[PDB]
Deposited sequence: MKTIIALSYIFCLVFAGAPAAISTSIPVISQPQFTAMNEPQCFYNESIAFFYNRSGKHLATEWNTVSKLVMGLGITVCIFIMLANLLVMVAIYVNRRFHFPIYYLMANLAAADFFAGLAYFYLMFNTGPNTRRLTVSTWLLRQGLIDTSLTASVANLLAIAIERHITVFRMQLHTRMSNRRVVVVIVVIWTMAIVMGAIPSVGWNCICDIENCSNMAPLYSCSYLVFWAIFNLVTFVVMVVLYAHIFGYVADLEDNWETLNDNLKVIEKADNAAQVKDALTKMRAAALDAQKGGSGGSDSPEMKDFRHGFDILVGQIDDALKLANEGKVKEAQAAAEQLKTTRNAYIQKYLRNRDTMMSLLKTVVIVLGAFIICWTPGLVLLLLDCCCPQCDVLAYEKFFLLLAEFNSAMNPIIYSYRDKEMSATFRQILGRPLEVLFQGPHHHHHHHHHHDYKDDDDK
């Protein structure tokens, strides 16, 4: 059993897994649809990689990482192509080395996109707290990051092919993968799922902080209109106190522009002192100067955050579609070794195609969300 010259039939018969010898009707259609999707992945992801390369506006650290994510899908397109060519009756034709090759290329392609989306999540976590994009130094650093992403992918796709397999542990073989160990699949599934959880936490921290700044901006704009209305001294004090409390929460999270927002805190504090004396008209005039102060930075930060959030939402849709399709397949791996006889793993072909379509979904997402990229795709074709 331990590295014997045994066929794939030896491993597939021992575990509760089917192996075909004849050309089945569904095997021809799953191969037919499989190749058709693979060719589209190798064309749609190649089109967006050329689009970032020729367009001047897409020469930024965030867009270079998107091209690497497309390159990971392009590699996945080649990985699933070799898989569909060796499915059904052609599965029996595979040797011990070639089985680990098709299974290895798929494991490499997943962690290539997993580490890419992880790097994009870190990229967005820095740029939001740094307001705008970085210099040329980060573009040289991105090349180093791309190396780390692909190195991690090659290593993760080699770990089961470098001793961690049930070849010399034939009793601990999984029902889904007859050459892969159950201890590896439990580790592999919990590794990719914990990465999805920490990635959700990263964007939740971004959206939460943006919502905290937007509600503070809402409190600063609504209470400013209350002072504009001719009212008593007590009404002016209540509106200024709410603006001061919102401003202190706004300056709470290196590049720091806190010396710009603290000026407004001082202007409100000086306006609050005028209201305490009894001067209502002077307090209303001082609060009117605060309106011209916020209308000066509305073109420097409030007009640039809309372009940032438009690209941020696009990234979350790419990550969202990735979780929704890959999680049922990874949960299936957990139910394979930790759920024996509770339920049959019949929905195996469905979850495989569900994850395959995601590699084609990414250029489709950038086509209707990004305005500049949509016009660039037509320029390459013509």
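Absence of C-alpha coordinates is noted for several segments of the deposited sequence, namely 1-40, 294-302, 432-459.
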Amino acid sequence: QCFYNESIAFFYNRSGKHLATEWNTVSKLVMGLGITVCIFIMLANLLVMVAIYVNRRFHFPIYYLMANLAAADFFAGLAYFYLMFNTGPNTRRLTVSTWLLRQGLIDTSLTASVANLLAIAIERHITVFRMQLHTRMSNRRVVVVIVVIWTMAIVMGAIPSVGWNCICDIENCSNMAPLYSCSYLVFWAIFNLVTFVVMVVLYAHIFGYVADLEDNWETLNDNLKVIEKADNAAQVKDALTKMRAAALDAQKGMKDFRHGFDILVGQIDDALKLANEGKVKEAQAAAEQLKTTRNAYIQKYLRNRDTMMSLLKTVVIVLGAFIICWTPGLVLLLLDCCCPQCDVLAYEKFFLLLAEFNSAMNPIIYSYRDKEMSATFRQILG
From here on, numbers count along this sequence of modelled residues.
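In this crystal structure, the stretch out of 279-287 and 75-83 whose C-alpha atoms carry the higher mean B factor is 279-287. The stretch 222-230 shows the higher mean C-alpha B-factor when 222-230 is compared against 95-103 in the entry. Taking the PDB entry at face value, the top CA B factor among 315, 332, 342, 70 belongs to 342. Of the candidates 307, 90, 109, 116, the PDB record gives 307 the highest C-alpha temperature factor. When the modelled residues of the chain are ordered by C-alpha B-factor, residue 245 sits in the middle third. The entry lists a Cα temperature factor for residue 45 that places it in the middle third of the chain's modelled residues. Among all modelled residues in its chain, residue 253 ranks in the highest third by Cα B-factor. Remark: residue 263 belongs to the highest third of its chain, ranked by C-alpha B-factor as recorded. For residue 54, the recorded CA temperature factor ranks within the highest third of the chain's modelled residues.
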